[PDB]
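Shown next: entry.csv, containing CSV, C-alpha atoms.
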chain,number,residue,atom,x,y,z
A,1,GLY,CA,0.0,0.0,0.0
A,2,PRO,CA,2.4,2.7,-1.3
A,3,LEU,CA,1.9,6.2,0.1
A,4,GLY,CA,1.2,7.4,-3.4
A,5,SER,CA,1.9,10.8,-5.0
A,6,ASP,CA,-0.1,13.8,-6.2
A,7,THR,CA,-0.6,14.2,-10.0
A,8,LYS,CA,1.0,16.9,-12.2
A,9,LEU,CA,0.2,19.2,-15.1
A,10,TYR,CA,-0.2,17.7,-18.6
A,11,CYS,CA,1.9,19.7,-21.2
A,12,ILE,CA,5.3,18.2,-20.9
A,13,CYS,CA,6.1,21.9,-21.0
A,14,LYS,CA,5.5,22.0,-17.2
A,15,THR,CA,2.2,23.8,-17.6
A,16,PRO,CA,-1.4,22.6,-16.6
A,17,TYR,CA,-4.2,22.1,-19.1
A,18,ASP,CA,-5.7,25.3,-20.5
A,19,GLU,CA,-9.0,25.4,-22.5
A,20,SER,CA,-7.5,28.5,-24.0
A,21,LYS,CA,-4.8,26.2,-25.2
A,22,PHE,CA,-5.5,23.1,-27.3
A,23,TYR,CA,-4.1,19.7,-26.8
A,24,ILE,CA,-3.4,16.4,-28.4
A,25,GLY,CA,-3.9,13.4,-26.3
A,26,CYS,CA,-1.3,10.8,-25.9
A,27,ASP,CA,-2.9,7.9,-27.7
A,28,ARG,CA,-1.1,5.6,-25.2
A,29,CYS,CA,0.0,8.1,-22.6
A,30,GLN,CA,-3.5,9.4,-21.9
A,31,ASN,CA,-2.0,12.9,-21.5
A,32,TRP,CA,-2.5,16.3,-23.2
A,33,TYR,CA,0.0,19.0,-24.2
A,34,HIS,CA,-0.4,22.3,-26.0
A,35,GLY,CA,0.4,21.7,-29.6
A,36,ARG,CA,3.7,23.6,-29.4
A,37,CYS,CA,4.0,22.3,-25.9
A,38,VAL,CA,5.6,19.4,-27.7
A,39,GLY,CA,6.7,21.1,-30.9
A,40,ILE,CA,3.7,20.2,-33.0
A,41,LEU,CA,1.5,21.9,-35.6
A,42,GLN,CA,-1.6,23.8,-34.7
A,43,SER,CA,-3.6,22.0,-37.2
A,44,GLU,CA,-2.1,18.8,-35.9
A,45,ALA,CA,-4.6,19.7,-33.3
A,46,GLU,CA,-7.7,19.6,-35.6
A,47,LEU,CA,-6.7,17.3,-38.5
A,48,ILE,CA,-5.6,14.9,-35.9
A,49,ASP,CA,-7.2,11.7,-34.8
A,50,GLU,CA,-4.3,9.3,-34.3
A,51,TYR,CA,-1.7,11.6,-32.7
A,52,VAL,CA,0.4,10.2,-30.0
A,53,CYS,CA,2.3,11.8,-27.1
A,54,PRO,CA,6.0,12.0,-27.2
A,55,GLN,CA,6.3,10.6,-23.7
A,56,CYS,CA,4.2,7.7,-25.0
A,57,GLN,CA,6.7,6.8,-27.6
A,58,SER,CA,9.2,6.1,-24.8
A,59,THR,CA,6.7,3.6,-23.5
A,60,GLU,CA,5.6,2.3,-26.9
A,61,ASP,CA,8.7,0.2,-27.5
A,62,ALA,CA,12.4,0.0,-26.9

If you took the structure in this file and wrote it as structure tokens, what would it be?
Amino acid sequence: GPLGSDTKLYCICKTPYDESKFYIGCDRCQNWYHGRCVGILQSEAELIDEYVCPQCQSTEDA
């Protein structure tokens, strides 16, 4: 029964979610970062429906 730990912001850019800002959800890392938060297109936000998080890729495979 580990003590556990509080959660953190989403954008790997050390910044919590912002409805003003748009995100792309880690297909496998269930997380959201401002488009540029990870260095992505703006459109990558809209024309997207299979985008994956960058932290996810680390978990994807070795």

* To do: Return the single residue from A:11, A:24, A:62, A:29 that is closest to residue 43 (chain A), with distances computed using only C-alpha atoms.
  => A:24

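Reported to one decimal place, the separation of CA of residue 51 (chain A) from CA of residue 21 (chain A) is 16.7 Å.
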
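Each of A:15, A:3, A:35, A:30 was checked against residue 48 (chain A) using all atoms listed in the file; the smallest atom-to-atom distance is that of A:35.
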
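We find CA of residue 20 (chain A) and CA of residue 57 (chain A) to be spaced 26.2 Å apart.
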
* Structure fact -> residue 32 (chain A) proximity check over A:4, A:61, A:56, A:17, using only C-alpha atoms: winner is A:17

* Point-to-point distance in Å for CA of residue 47 (chain A) and CA of residue 7 (chain A) -> 29.3 Å

* **Shell of 7 Å around residue 52 (chain A), all atoms listed in the file, local chain residues under 2 positions omitted, as a VMD selection string** => chain A and resid 25 to 28 50 54 56

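If you measure from each of A:31, A:60, A:23, A:8 to residue 45 (chain A) using only C-alpha atoms, the closest one turns out to be A:23.
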